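What follows is the content of start-v6.csv (CSV, C-alpha atoms).
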chain,number,residue,atom,x,y,z
V,37,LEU,CA,-19.6,21.5,-11.7
V,38,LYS,CA,-16.2,19.8,-11.3
V,39,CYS,CA,-15.5,18.9,-7.7
V,40,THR,CA,-12.9,16.8,-5.9
V,41,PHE,CA,-14.2,14.4,-3.2
V,42,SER,CA,-12.1,12.6,-0.6
V,43,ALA,CA,-12.5,9.3,1.3
V,44,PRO,CA,-11.0,10.0,4.8
V,45,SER,CA,-11.1,6.3,5.8
V,46,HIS,CA,-9.4,5.1,2.6
V,47,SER,CA,-5.8,5.2,3.9
V,48,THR,CA,-6.8,3.2,7.0
V,49,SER,CA,-8.7,0.6,5.1
V,50,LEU,CA,-5.9,0.2,2.5
V,51,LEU,CA,-3.4,-0.3,5.3
V,52,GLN,CA,-5.6,-3.0,6.9
V,53,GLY,CA,-5.9,-4.6,3.5
V,54,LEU,CA,-2.1,-4.7,3.0
V,55,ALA,CA,-1.7,-6.3,6.4
V,56,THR,CA,-4.3,-9.0,5.6
V,57,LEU,CA,-2.6,-9.7,2.4
V,58,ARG,CA,0.8,-10.2,4.1
V,59,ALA,CA,-0.8,-12.4,6.7
V,60,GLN,CA,-2.3,-14.6,4.0
V,61,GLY,CA,1.1,-14.8,2.3
V,62,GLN,CA,-0.3,-13.1,-0.8
V,63,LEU,CA,1.6,-11.1,-3.5
V,64,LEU,CA,4.8,-11.0,-1.5
V,65,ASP,CA,7.9,-10.2,-3.6
V,66,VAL,CA,10.8,-10.0,-1.1
V,67,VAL,CA,12.2,-12.0,1.7
V,68,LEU,CA,14.7,-10.1,3.9
V,69,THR,CA,17.0,-12.3,5.9
V,70,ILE,CA,18.9,-11.5,9.0
V,71,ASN,CA,21.3,-14.4,9.8
V,72,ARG,CA,19.0,-17.4,9.1
V,73,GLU,CA,15.7,-15.6,9.9
V,74,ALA,CA,13.3,-14.8,7.1
V,75,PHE,CA,11.0,-11.8,6.8
V,76,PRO,CA,8.6,-11.7,3.9
V,77,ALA,CA,7.2,-8.4,2.8
V,78,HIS,CA,5.9,-6.3,-0.2
V,79,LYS,CA,8.7,-4.1,-1.6
V,80,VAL,CA,6.3,-1.3,-2.5
V,81,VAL,CA,5.0,-1.1,1.1
V,82,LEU,CA,8.4,-0.9,2.7
V,83,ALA,CA,9.6,1.5,0.1
V,84,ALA,CA,6.6,3.8,0.7
V,85,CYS,CA,7.4,4.4,4.4
V,86,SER,CA,11.2,4.2,4.6
V,87,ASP,CA,13.7,6.1,2.3
V,88,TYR,CA,16.2,3.4,3.3
V,89,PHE,CA,14.0,0.7,1.8
V,90,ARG,CA,13.0,2.9,-1.1
V,91,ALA,CA,16.7,3.4,-2.1
V,92,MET,CA,17.3,-0.3,-1.7
V,93,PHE,CA,14.4,-1.4,-3.9
V,94,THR,CA,14.5,1.3,-6.6
V,95,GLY,CA,18.3,1.7,-7.0
V,96,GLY,CA,20.6,-0.6,-5.0
V,97,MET,CA,23.7,-2.8,-5.3
V,98,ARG,CA,22.0,-5.3,-7.6
V,99,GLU,CA,19.9,-6.1,-4.5
V,100,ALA,CA,17.1,-4.0,-5.9
V,101,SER,CA,16.1,-6.9,-8.2
V,102,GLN,CA,16.7,-9.9,-5.9
V,103,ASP,CA,13.8,-11.8,-4.3
V,104,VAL,CA,15.8,-12.8,-1.3
V,105,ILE,CA,18.0,-10.1,0.3
V,106,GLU,CA,20.4,-10.4,3.2
V,107,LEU,CA,19.9,-7.3,5.4
V,108,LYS,CA,22.9,-6.1,7.4
V,109,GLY,CA,23.0,-3.4,10.0
V,110,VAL,CA,20.0,-4.1,12.4
V,111,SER,CA,19.0,-6.9,14.8
V,112,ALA,CA,16.4,-9.4,13.6
V,113,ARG,CA,14.1,-8.5,16.4
V,114,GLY,CA,14.3,-4.8,15.5
V,115,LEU,CA,13.5,-5.6,11.9
V,116,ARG,CA,10.5,-7.7,12.9
V,117,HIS,CA,9.0,-4.8,14.8
V,118,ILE,CA,9.7,-2.3,12.0
V,119,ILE,CA,8.0,-4.4,9.4
V,120,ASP,CA,5.0,-5.0,11.6
V,121,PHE,CA,4.8,-1.2,12.1
V,122,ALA,CA,4.8,-0.6,8.3
V,123,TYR,CA,1.7,-2.8,8.0
V,124,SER,CA,-0.1,-1.6,11.2
V,125,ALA,CA,1.0,1.9,12.3
V,126,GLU,CA,1.6,0.3,15.7
V,127,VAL,CA,4.5,-0.9,17.8
V,128,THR,CA,4.3,-2.9,21.1
V,129,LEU,CA,7.3,-1.9,23.3
V,130,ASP,CA,8.9,-3.0,26.6
V,131,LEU,CA,12.3,-2.3,28.1
V,132,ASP,CA,13.7,-5.6,26.9
V,133,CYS,CA,13.1,-4.9,23.2
V,134,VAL,CA,13.3,-1.1,22.9
V,135,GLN,CA,17.1,-1.1,22.2
V,136,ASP,CA,16.5,-3.4,19.2
V,137,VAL,CA,13.5,-1.4,17.9
V,138,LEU,CA,14.9,2.1,18.4
V,139,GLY,CA,18.3,1.2,16.8
V,140,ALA,CA,16.5,-0.4,13.8
V,141,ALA,CA,14.2,2.6,13.4
V,142,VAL,CA,17.0,5.1,13.2
V,143,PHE,CA,19.0,2.9,10.8
V,144,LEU,CA,16.0,2.2,8.6
V,145,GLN,CA,15.0,5.9,8.7
V,146,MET,CA,11.5,5.4,10.1
V,147,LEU,CA,11.2,8.5,12.2
V,148,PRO,CA,7.6,7.9,13.5
V,149,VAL,CA,8.9,4.7,15.2
V,150,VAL,CA,11.8,6.6,16.7
V,151,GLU,CA,9.3,9.1,18.2
V,152,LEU,CA,7.1,6.3,19.6
V,153,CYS,CA,10.2,4.7,21.2
V,154,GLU,CA,11.1,8.0,22.8
V,155,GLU,CA,7.5,8.3,24.2
V,156,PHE,CA,7.8,4.9,25.7
V,157,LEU,CA,11.2,5.7,27.3
V,158,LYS,CA,9.8,8.8,28.9
V,159,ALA,CA,7.0,6.8,30.5
V,160,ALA,CA,9.1,3.7,31.4
V,161,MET,CA,11.7,5.8,33.3
G,37,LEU,CA,5.5,-2.4,31.6
G,38,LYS,CA,4.4,-3.2,28.1
G,39,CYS,CA,2.5,-0.9,25.9
G,40,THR,CA,1.3,-0.4,22.3
G,41,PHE,CA,1.7,3.0,20.6
G,42,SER,CA,0.3,4.1,17.3
G,43,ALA,CA,1.2,6.7,14.7
G,44,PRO,CA,-2.0,8.3,13.4
G,45,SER,CA,-0.2,9.9,10.4
G,46,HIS,CA,1.3,6.6,9.1
G,47,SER,CA,-1.5,5.4,6.9
G,48,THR,CA,-1.6,8.8,5.2
G,49,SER,CA,2.1,9.0,4.7
G,50,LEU,CA,2.2,5.4,3.4
G,51,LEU,CA,-0.5,6.2,0.8
G,52,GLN,CA,1.5,9.3,-0.3
G,53,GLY,CA,4.5,7.0,-0.6
G,54,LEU,CA,2.6,4.5,-2.8
G,55,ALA,CA,1.4,7.3,-5.1
G,56,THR,CA,5.0,8.7,-5.6
G,57,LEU,CA,6.3,5.2,-6.4
G,58,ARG,CA,3.6,4.7,-9.0
G,59,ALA,CA,4.3,8.1,-10.4
G,60,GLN,CA,8.0,7.3,-10.7
G,61,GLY,CA,7.2,4.0,-12.5
G,62,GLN,CA,8.7,2.0,-9.6
G,63,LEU,CA,8.1,-1.6,-8.5
G,64,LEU,CA,5.0,-2.0,-10.7
G,65,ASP,CA,3.9,-5.6,-11.3
G,66,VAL,CA,0.7,-5.5,-13.4
G,67,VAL,CA,-0.5,-3.7,-16.5
G,68,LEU,CA,-4.3,-3.7,-17.0
G,69,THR,CA,-5.4,-3.0,-20.5
G,70,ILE,CA,-8.7,-1.8,-22.1
G,71,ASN,CA,-8.7,-1.8,-25.9
G,72,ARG,CA,-4.9,-1.7,-25.9
G,73,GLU,CA,-4.7,1.3,-23.4
G,74,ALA,CA,-2.2,0.4,-20.6
G,75,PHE,CA,-2.8,1.0,-16.9
G,76,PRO,CA,0.2,0.2,-14.7
G,77,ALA,CA,-0.3,-0.5,-11.0
G,78,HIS,CA,0.9,-2.5,-8.0
G,79,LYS,CA,-1.3,-5.6,-7.6
G,80,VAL,CA,-1.0,-5.4,-3.8
G,81,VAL,CA,-2.4,-1.9,-3.7
G,82,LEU,CA,-5.4,-2.7,-5.9
G,83,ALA,CA,-6.0,-5.9,-4.0
G,84,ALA,CA,-6.0,-4.0,-0.6
G,85,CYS,CA,-8.9,-1.8,-1.5
G,86,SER,CA,-11.1,-3.9,-3.9
G,87,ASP,CA,-12.5,-7.4,-3.3
G,88,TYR,CA,-12.7,-7.7,-7.1
G,89,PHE,CA,-9.0,-7.0,-7.7
G,90,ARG,CA,-8.2,-9.2,-4.6
G,91,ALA,CA,-10.0,-12.1,-6.1
G,92,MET,CA,-8.3,-11.5,-9.5
G,93,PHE,CA,-4.8,-11.4,-8.2
G,94,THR,CA,-4.9,-13.9,-5.4
G,95,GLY,CA,-7.3,-16.5,-6.8
G,96,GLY,CA,-7.4,-19.4,-9.3
G,97,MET,CA,-8.4,-17.2,-12.2
G,98,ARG,CA,-6.1,-17.3,-15.2
G,99,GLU,CA,-5.5,-13.6,-14.5
G,100,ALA,CA,-3.7,-14.4,-11.2
G,101,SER,CA,-0.5,-15.4,-13.1
G,102,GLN,CA,-0.6,-12.8,-15.8
G,103,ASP,CA,1.5,-9.6,-15.8
G,104,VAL,CA,-0.8,-8.1,-18.5
G,105,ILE,CA,-4.5,-8.4,-18.0
G,106,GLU,CA,-7.3,-7.4,-20.4
G,107,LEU,CA,-10.4,-5.9,-18.6
G,108,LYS,CA,-13.2,-6.7,-21.0
G,109,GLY,CA,-16.3,-4.5,-20.7
G,110,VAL,CA,-14.8,-1.9,-18.4
G,111,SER,CA,-14.6,1.8,-19.2
G,112,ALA,CA,-11.0,3.1,-19.9
G,113,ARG,CA,-11.9,6.6,-18.6
G,114,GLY,CA,-13.6,5.0,-15.6
G,115,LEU,CA,-10.6,2.7,-14.8
G,116,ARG,CA,-8.2,5.8,-14.8
G,117,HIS,CA,-10.2,7.4,-12.1
G,118,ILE,CA,-10.5,4.2,-10.1
G,119,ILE,CA,-6.8,3.5,-10.0
G,120,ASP,CA,-6.0,7.1,-9.2
G,121,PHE,CA,-8.5,6.9,-6.3
G,122,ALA,CA,-6.7,3.8,-5.0
G,123,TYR,CA,-3.5,5.8,-4.7
G,124,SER,CA,-4.9,9.1,-3.5
G,125,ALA,CA,-8.2,8.6,-1.6
G,126,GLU,CA,-9.6,11.3,-4.0
G,127,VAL,CA,-11.7,11.5,-7.1
G,128,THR,CA,-12.4,14.5,-9.2
G,129,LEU,CA,-15.9,14.4,-10.9
G,130,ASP,CA,-18.0,16.3,-13.3
G,131,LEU,CA,-21.1,15.6,-15.3
G,132,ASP,CA,-19.1,14.5,-18.3
G,133,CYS,CA,-17.1,11.7,-16.7
G,134,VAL,CA,-19.3,10.6,-13.7
G,135,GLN,CA,-21.2,7.9,-15.6
G,136,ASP,CA,-18.0,6.1,-16.7
G,137,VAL,CA,-16.6,6.4,-13.1
G,138,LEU,CA,-19.7,5.2,-11.4
G,139,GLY,CA,-20.0,2.2,-13.7
G,140,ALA,CA,-16.4,1.2,-13.3
G,141,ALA,CA,-16.6,1.6,-9.5
G,142,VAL,CA,-19.6,-0.7,-9.3
G,143,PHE,CA,-18.0,-3.3,-11.6
G,144,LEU,CA,-14.6,-3.1,-9.9
G,145,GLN,CA,-16.1,-3.1,-6.4
G,146,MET,CA,-14.4,0.2,-5.4
G,147,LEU,CA,-17.1,0.9,-2.9
G,148,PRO,CA,-16.0,4.3,-1.6
G,149,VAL,CA,-16.0,5.6,-5.2
G,150,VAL,CA,-19.5,4.4,-5.7
G,151,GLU,CA,-20.6,6.4,-2.7
G,152,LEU,CA,-18.7,9.5,-3.9
G,153,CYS,CA,-20.3,9.3,-7.3
G,154,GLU,CA,-23.7,9.0,-5.8
G,155,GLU,CA,-23.0,12.0,-3.6
G,156,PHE,CA,-21.9,14.1,-6.6
G,157,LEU,CA,-25.0,13.1,-8.6
G,158,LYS,CA,-27.3,13.9,-5.7
G,159,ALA,CA,-25.7,17.3,-5.4
G,160,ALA,CA,-25.7,18.0,-9.1
G,161,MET,CA,-29.5,17.5,-9.3
Would you mind writing the file out in structure tokens?
Amino acid sequence: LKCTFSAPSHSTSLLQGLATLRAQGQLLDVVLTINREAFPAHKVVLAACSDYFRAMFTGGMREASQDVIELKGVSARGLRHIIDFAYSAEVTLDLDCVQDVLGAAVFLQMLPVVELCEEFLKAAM
Amino acid sequence: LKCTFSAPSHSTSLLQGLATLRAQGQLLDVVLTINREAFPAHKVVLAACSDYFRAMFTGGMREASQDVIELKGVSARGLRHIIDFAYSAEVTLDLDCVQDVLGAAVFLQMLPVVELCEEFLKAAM
């Protein structure tokens, strides 16, 4: 009588739970820094939706093991939006911030955010 | 012109990413044990879908600071299914294992699994 059952709302509920844990400052295990600005996160969450972060945290230049990692290559504002996306599946865009977000999304290999930025640009033009 | 966009596929892709990281043995930060059987996991994933694990890993219990935690009273077979559900949104049930899985889901407050066990048992009879 063996049968497999699925819970279609589970991935959404799990994502919401991850975001409430970050907001409560709980179980965090990395702080990414851009210049002097600090971005706390869960390595496993970022690794699960970006092959860039996955490579960084599961191999790496001895940064894989660090608790505080200086991130080069994107703007601080871009990184802020990308992390908030990882925990929410959403991004809030305007023409002032889209350069930062889109550049960061390409660099950090988060194609769904690239596509959302392109949708925004079609509408804003 | 300011607008929020969402990616409906993100929570599903993220869940899949978490599952592949557990399968590769990557970024794990807890081992639960039942009679010396080891169950590795990511605390933040278990905490994001069970109020029991969230209390254990974020609270003032002695367990909150332990990397290896003994789960007294809990079914080892049941725990296996519960953790696999956390990472997959699925459970595979039959009449041989369902009692273990239901009992562990109730104890560990994995509420969707309780419902799925009840649905299987209602169908089986």
Counting only C-alpha atoms, which residues in chain V sit no more than 6 Å from chain G? For each one, give the nearest pair of atoms and the distance in Å, sorted by chain then residue number, as a Markdown table.
| residue | atom | partner | partner_atom | distance |
| --- | --- | --- | --- | --- |
| V:37 | CA | G:130 | CA | 5.7 |
| V:38 | CA | G:130 | CA | 4.4 |
| V:39 | CA | G:129 | CA | 5.5 |
| V:40 | CA | G:128 | CA | 4.1 |
| V:41 | CA | G:127 | CA | 5.5 |
| V:42 | CA | G:126 | CA | 4.4 |
| V:43 | CA | G:125 | CA | 5.2 |
| V:46 | CA | G:125 | CA | 5.6 |
| V:47 | CA | G:47 | CA | 5.2 |
| V:48 | CA | G:47 | CA | 5.7 |
| V:50 | CA | G:84 | CA | 5.2 |
| V:53 | CA | G:84 | CA | 4.1 |
| V:54 | CA | G:84 | CA | 5.4 |
| V:84 | CA | G:53 | CA | 4.0 |
| V:85 | CA | G:50 | CA | 5.4 |
| V:125 | CA | G:43 | CA | 5.4 |
| V:126 | CA | G:42 | CA | 4.3 |
| V:127 | CA | G:40 | CA | 5.5 |
| V:128 | CA | G:40 | CA | 4.1 |
| V:129 | CA | G:39 | CA | 5.5 |
| V:130 | CA | G:38 | CA | 4.7 |
One-decimal distance in Å that lies between CA of residue 120 in chain G and CA of residue 119 in chain V: 26.0 Å
Mind pulling up the distance from CA of residue 134 in chain G to CA of residue 161 in chain G?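 If I compute the distance from CA of residue 161 in chain G to CA of residue 134 in chain G, I get 13.1 Å.
The space between CA of residue 141 in chain V and CA of residue 66 in chain V spans 19.5 Å.
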Every residue with an atom at most 12 Å from (20.6, -8.5, 1.4) (file coordinates; only C-alpha atoms) is what I'm after, so could you write them as a PyMOL selection string? chain V and resi 66-72+74-75+89+92-93+96-110
Keeping C-alpha atoms, export the residues of the selection given above as a compact mmCIF listing (two decimals), in the coordinates of the input.
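Final output, saved to out_26.txt:
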# COMPACT_ATOMS: atom_id res chain seq x y z
CA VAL V 66 10.80 -10.00 -1.10
CA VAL V 67 12.20 -12.00 1.70
CA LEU V 68 14.70 -10.10 3.90
CA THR V 69 17.00 -12.30 5.90
CA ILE V 70 18.90 -11.50 9.00
CA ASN V 71 21.30 -14.40 9.80
CA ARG V 72 19.00 -17.40 9.10
CA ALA V 74 13.30 -14.80 7.10
CA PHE V 75 11.00 -11.80 6.80
CA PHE V 89 14.00 0.70 1.80
CA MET V 92 17.30 -0.30 -1.70
CA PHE V 93 14.40 -1.40 -3.90
CA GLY V 96 20.60 -0.60 -5.00
CA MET V 97 23.70 -2.80 -5.30
CA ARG V 98 22.00 -5.30 -7.60
CA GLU V 99 19.90 -6.10 -4.50
CA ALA V 100 17.10 -4.00 -5.90
CA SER V 101 16.10 -6.90 -8.20
CA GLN V 102 16.70 -9.90 -5.90
CA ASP V 103 13.80 -11.80 -4.30
CA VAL V 104 15.80 -12.80 -1.30
CA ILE V 105 18.00 -10.10 0.30
CA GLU V 106 20.40 -10.40 3.20
CA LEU V 107 19.90 -7.30 5.40
CA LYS V 108 22.90 -6.10 7.40
CA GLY V 109 23.00 -3.40 10.00
CA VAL V 110 20.00 -4.10 12.40
